[PDB]
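Here my numbering is used: position 243 in the sequence shown is 354, and no number is missing along the way.
No residue lacks a Cβ here, since even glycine has one placed at the ideal position from N, Cα and C.
Following: one structure in C-alpha cells, then a few remarks.
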Amino acid sequence: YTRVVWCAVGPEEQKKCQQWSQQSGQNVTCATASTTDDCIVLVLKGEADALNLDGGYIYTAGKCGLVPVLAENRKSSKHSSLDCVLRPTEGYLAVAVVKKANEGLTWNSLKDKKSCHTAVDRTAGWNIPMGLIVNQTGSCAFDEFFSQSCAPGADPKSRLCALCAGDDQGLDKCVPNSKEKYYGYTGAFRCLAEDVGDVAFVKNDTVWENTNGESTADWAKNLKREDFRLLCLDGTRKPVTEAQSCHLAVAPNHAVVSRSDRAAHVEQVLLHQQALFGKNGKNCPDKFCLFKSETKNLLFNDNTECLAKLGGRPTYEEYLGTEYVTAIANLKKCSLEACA
Ligand SMILES: *[C@@H]1O[C@H](CO)[C@@H](O[C@@H]2O[C@H](CO)[C@@H](O[C@@H]3O[C@H](CO)[C@@H](O[C@H]4O[C@H](CO)[C@@H](O)[C@H](O)[C@@H]4O)[C@H](O)[C@@H]3O)[C@H](O)[C@H]2NC(C)=O)[C@H](O)[C@H]1NC(C)=O
Ligand SMILES: *[C@@H]1O[C@H](CO)[C@@H](O[C@@H]2O[C@H](CO)[C@@H](O[C@@H]3O[C@H](CO)[C@@H](O)[C@H](O)[C@@H]3O)[C@H](O)[C@H]2NC(C)=O)[C@H](O)[C@H]1NC(C)=O
Ligand SMILES: OC[C@H]1O[C@H](O[C@@]2(CO)O[C@H](CO)[C@@H](O)[C@@H]2O[C@H]2O[C@H](CO)[C@@H](O)[C@H](O)[C@H]2O)[C@H](O)[C@@H](O)[C@H]1O
Ligand SMILES: *[C@@H]1O[C@H](CO)[C@@H](O)[C@H](O)[C@H]1NC(C)=O
Ligand SMILES: [Fe+3]
Ligand SMILES: [Zn+2]
Ligand SMILES: [Zn+2]
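Here you go:
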C-alpha cells in the first residue's frame with residue numbers, strides 16, 4: 112500500500128534495484144523492462160509506480176499523462192544556506208566534446224564525421240544536437256548527417272548504430288540500456304575516449320567525472336582533461352573549463368515521474384528513502400547508497416546530492432520550460448506510446 116514499485120531499465124539497474132529493495136525491507140520493490148519506453152508503459156498500466164527520467168523522456172511521459180514528482184539536484188554554488196531538498200534546480204550543460212588531437216574539427220565541420228550519442232530521444236545526447244543540426248541544415252535527414260554513429264535506440268542495421276558495440280558477448284547491439292557498451296553519458300564519452308567516434312554529445316559533468324583520476328575504470332584511468340576540447344556554436348574550440356561560455360544548451364535536470372494519481376504517495380516514500388540511503392543518509396555508506404553505482408549512473412546519476420521538491424507544482428511543460436518543449440516539438444515533426 113505504501114509500497115512503491117520502481118521500474119529498472121535493463122539487468123544492471125535491476126540488480127541495483129534489488130539491493131535497494133532488500134535494504135528497504137520491501138518498502139520499494141522492482142519491475143524491469145528492456146527500455147525506458149517500456150518502463151513508461153508499465154507505469155501507465157499501473158504495474159510500476161515510478162522511475163527517474165532524462166528530460167527527453169519526460170516529454171514522452173508527459174504527453175501520456177505522467178507528471179514530474181522530484182528532481183535530481185547536484186552540487187551548487189548559490190542558494191548556499193538552503194537545504195538540498197528545497198533548493199531550486201539549476202540544470203546541466205549539454206556540450207559537444209572532441210579530442211584536442213583532432214585539430215581543425217569544429218561545429219562547422221561535423222558533417223560526415225563519426226558521432227557518439229547517449230541515446231535517441233535524450234536531451235544532451237540527441238534532442239539538442241540533432242535539433243540544432245536540423246535547423247542549420249534545413250533538412251530532416253539527420254540520419255544522413257554523420258557518416259557513422261552510435262545512437263542507442265536507432266535501427267541496428269542503420270548507420271546510426273554502426274559504431275555501437277553491444278554487450279560483452281557482442282549481443283544487444285544498440286539497445287538503449289546499459290548492456291550496450293556505449294550507452295548513456297559514460298558510454299558515449301567512452302565512445303569518444305576510445306576514438307570510436309569523433310564527437311560525443313554529453314553533459315559538462317561527464318567530462319570531469321571521467322578524467323584526471325576521478326574514474327578508476329580501465330578505459331578512463333589515463334584520460335586527461337587537457338586532451339579534450341568543447342565545440343562552441345560560434346565555430347571555436349575551448350577547454351573543458353569553459354563550459355559556461357561554450358555549451359549547446361542548458362538542460363532541465365532528470366526527474367522522477369509517476370502517474371498523476373500516485374504522485375503524492377511516490378513523493379512521500381522517496382523523501383523517506385533518501386533520508387536513509389541518500390548522500391548524508393542514516394545507512395549510507397554503511398549498508399546502501401542510492402546515489403552510487405561506480406560511475407555507471409544506475410537509476411540515478413552518481414553526482415546526485417538529493418532529490419528535490421519542485422514547487423509551483425509543475426506540469427511537465429512547465430518543468431521542461433517553453434524553450435525546450437518547442438525544440439522537441441520541431442524535431443519530432445521530422446519523424447499507446449504516441450499518447451499525443
Ligand atoms: C562541470 O562539471 C563539473 C563536475 O560536476 C563541475 O565541477 C565541480 O564543481 C563543484 C562546485 O560547483 C565542485 O564541488 C565540490 O564538492 C566536493 C566535496 O563534495 C569538493 O571538491 C573535492 O572533491 C572532488 C570530487 O568531487 C575532487 O576533485 C577533490 O577531492 C575536491 O577537493 C569541494 O568542496 C567542492 O564543493 C566539484 O569539486 C567539481 N567537480 C569535480 C569532480 O571537479 C563544474 O563546475 C561544471 N562546470 C560548469 C560551468 O557548470
Ligand atoms: C529550430 O528552429 C525552430 C523554428 O525555427 C525553433 O522553434 C522556435 O523557438 C523559438 C524559441 O523558443 C520560439 O520563439 C518564441 O515564440 C513564442 C511565440 O511565438 C514566444 O512565446 C517566445 O517569446 C519566443 O519568442 C518559436 O516560437 C519557435 N518557432 C516555431 C515555429 O515553433 C527551435 O527552437 C529551433 N531548435 C533549437 C534546438 O534551437
Ligand atoms: O539555473 C538557474 C535557474 O534555474 C531554473 O531554470 C530551469 C532549468 O533548470 O529550472 C526549471 C526546471 O527544469 C525550468 O523551468 C527552468 O528553465 C529555464 O531556465 C533554464 C536555465 O536553468 C533555461 O535553460 C531554460 O531555457 C528556461 O526555460 C529556474 O529558472 C530558476 O530557479 C533559476 O534559478
Ligand atoms: C518502511 O516503511 C515504513 C512506513 O514509513 C516505515 O515505518 C519504515 O521506516 C520503512 N523501512 C525502511 C527500511 O525503509
Ligand atoms: Fe540527460
Ligand atoms: Zn547558455
Ligand atoms: Zn503551473
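With burial defined as no fewer than 16 other Cβ atoms inside 10 Å of the residue's Cβ, what is the status of residue 375: buried or exposed? As a working note, residue 375 is residue 264 in the sequence shown. Its Cβ having fewer than 16 others within 10 Å, residue 375 is exposed.
Residues of its chain near residue 302, where Cβ-Cβ distance is below 7 Å and the 5 sequence neighbours each way are ignored: For the purposes of this step, residue 302 is taken as the residue at position 191 of the sequence shown. Excluding sequence neighbours, residue 302 sits near 227, 261, 274, 293, 308, 311.
Taking the Cβ atom as the reference point for each residue, do residue 380 and residue 180 lie within a distance shorter than 7 Å? As a working note, residue 380 is residue 269 in the sequence shown. As a working note, residue 180 is residue 69 in the sequence shown. No, these two residues do not count as a Cβ contact at 7 Å.
Proximity to residue 112 [Cα-Cα], best of 140, 314, 237: Translated into the one-based positions of the sequence shown, residue 112 becomes position 1. Per the Cα distances, 140.
What residues match up with residue 369 in a beta bridge as DSSP calls it? One-based indexing of the sequence shown puts residue 369 at position 258. The partner list for residue 369 (beta bridge, DSSP) reads 161, 178.
For residue 436, the three-state DSSP class (helix, strand or coil): Counting from one through the sequence shown, the residue named residue 436 turns up at place 325. Secondary structure of residue 436 (DSSP, three-state): helix.
Identify which residue in 345, 164, 418 has its Cα closest to the Cα of residue 232. Taking the first residue of the sequence shown as position 1, residue 232 is located at position 121. That would be 164, whose Cα lies nearest to the Cα of residue 232.
Roughly how many angstroms separate the alpha carbons of residue 314 and residue 127, rounded to a whole number? In the sequence shown, residue 314 corresponds to position 203, counting from 1. In the sequence shown, residue 127 corresponds to position 16, counting from 1. Linking residue 314 to residue 127 through their CA atoms gives a straight-line distance of about 24 Å.
For the segment 200-214 against the segment 348-366, do three or more pairs of beta-carbon atoms, one drawn from each stretch, fall closer than 8 Å, so that the two count as touching? Counting Cβ pairs under 8 Å, three or more are found: they touch.
Collapsed DSSP secondary structure at residue 302 in the structure displayed: In the sequence shown, counting from the first residue as 1, residue 302 sits at position 191. Of the three classes helix, strand and coil, the one that applies to residue 302 here is helix, per DSSP.
Residue 185 - DSSP class collapsed to helix/strand/coil: One-based indexing of the sequence shown puts residue 185 at position 74. Reduced to three states, the DSSP call for residue 185 is coil.
Roughly how many whole angstroms lie between the Cα atoms of residue 330 and residue 305? Within the sequence shown, numbered from 1, the residue matching residue 330 stands at position 219. Within the sequence shown, numbered from 1, the residue matching residue 305 stands at position 194. Rounded to the nearest angstrom, the two C-alpha atoms are 8 Å apart.
Hey, residue 217 and residue 336 are a contact pair by Cβ (cut 8 Å); roughly how many whole angstroms apart? One-based indexing of the sequence shown puts residue 217 at position 106. One-based indexing of the sequence shown puts residue 336 at position 225. Residue 217 to residue 336, Cβ: 19 Å. No contact.
Which stretch, first to last residue, makes up the beta strand (DSSP E) that contains residue 193? As a first step, residue 193 is located in the sequence shown; it is residue number 82 there, counting from the start. Taken as a continuous stretch (DSSP letters only), residue 193 belongs to no beta strand (DSSP E), as it is neither H nor E.
When you measure from the CB of residue 428 to every non-hydrogen atom of ligand 7, does any distance come out below 6 Å? Mapped onto the sequence shown, residue 428 falls at position 317. Checking the Cβ of residue 428 against ligand 7 gives no.
When you compare only the Cα positions, how much space is there between residue 287 and residue 342? Within the sequence shown, the letter at position 176 stands for residue 287. Within the sequence shown, the letter at position 231 stands for residue 342. In this structure, the alpha-carbon of residue 287 lies about 25 Å from that of residue 342.
Residue 260 - containing beta strand (DSSP E), residue span: In the sequence shown, the residue the question calls residue 260 occupies position 149. Segment 259-261, the beta strand (DSSP E) holding residue 260.
Proximity winner among 415, 383, 362, 398, relative to residue 236 (alpha-carbon distances): Taking the first residue of the sequence shown as 1, we reach residue 236 at position 125. When the alpha-carbon of residue 236 is set against those of 415, 383, 362, 398, the nearest one is in 362.
Which same chain residues end up closer than 8 Å to residue 445 when comparing Cβ atoms and leaving out the 5 residues on each side of it in sequence? Residue 445 sits at position 334 when you count from the first residue of the sequence shown. Exclusion of the five residues before and after residue 445 leaves 245, 251, 253 as the residues of its chain whose Cβ lies within less than 8 Å of its Cβ.
Three or more C-beta pairs under 8 Å: does that hold for the segment 146-156 against the segment 113-121? With contact defined as three or more Cβ pairs closer than 8 Å, the segment 146-156 and the segment 113-121 are in contact.
Residue 392: CB within 6 Å of a non-hydrogen atom of ligand 4: Numbered from its first residue, the sequence shown carries residue 392 at position 281. Residue 392 Cβ: outside cutoff for every heavy atom of ligand 4.
Opposite residue 406 in the DSSP bridges: which residues? In the sequence shown, residue 406 corresponds to position 295, counting from 1. Residue 406 pairs with nothing; no bridge assigned.
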